[PDB]
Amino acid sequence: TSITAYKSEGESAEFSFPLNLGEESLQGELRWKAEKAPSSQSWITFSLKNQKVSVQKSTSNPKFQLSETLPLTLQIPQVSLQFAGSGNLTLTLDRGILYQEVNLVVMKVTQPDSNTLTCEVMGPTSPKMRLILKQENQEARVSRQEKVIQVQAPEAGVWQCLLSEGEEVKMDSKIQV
């Protein structure tokens, strides 16, 4: 089921749904819940006929983009902490309602003044997930088990910011301070 896409702001998230591509025709719908402003209405309606995907009136916020053919890739295109959350991609009567869960977690690293270095993430994170601000190739300076960690008066250099679950680093992002 589930699929998670980890991205730094300003990047593209692209999900790929690669299931049982026979001669199928579908009606498909994707609806999204953006994490802090859960203003319901995000969706895209599309249809499949002969391997050509098509969109029946979609939404515009975020601008979901669908692949005009198989394989059915949905791409949210210039990610932002404000679009992180998750949604389900319902597929239809292929034979029944086939479904997929989809998520997007977003990281934002900033140097707000020069006392501050910040790293914040938004979206669906496990609680065995911690944020880490490190110097480019050195060791973790801060490793807090929160969603926004901060570092006081960072030494000039490449800092890196990482999201890890267990010994698994889900993602990272660098900044030159």
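Counting begins at 1, following the sequence as shown.
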Stretch with the higher entry mean CA B-factor, where the candidates are 60-68 and 130-138: 60-68
On average, are the C-alpha B-factors higher in 34-42 or in 112-120? 34-42
If you compare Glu14, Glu155, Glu167, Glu11, which has the highest Cα B-factor in the entry? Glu167
Of the choices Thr1, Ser173, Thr4, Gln176, which one's C-alpha carries the largest B-factor in the record? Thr1
Chain-relative CA temperature factor third for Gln75: middle
Classify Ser47 as lowest, middle or highest third according to the C-alpha B-factor given in the PDB entry, relative to its own chain. middle
Please place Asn103 in the lowest, middle or highest third of its chain according to the CA B-factor in the PDB entry. lowest
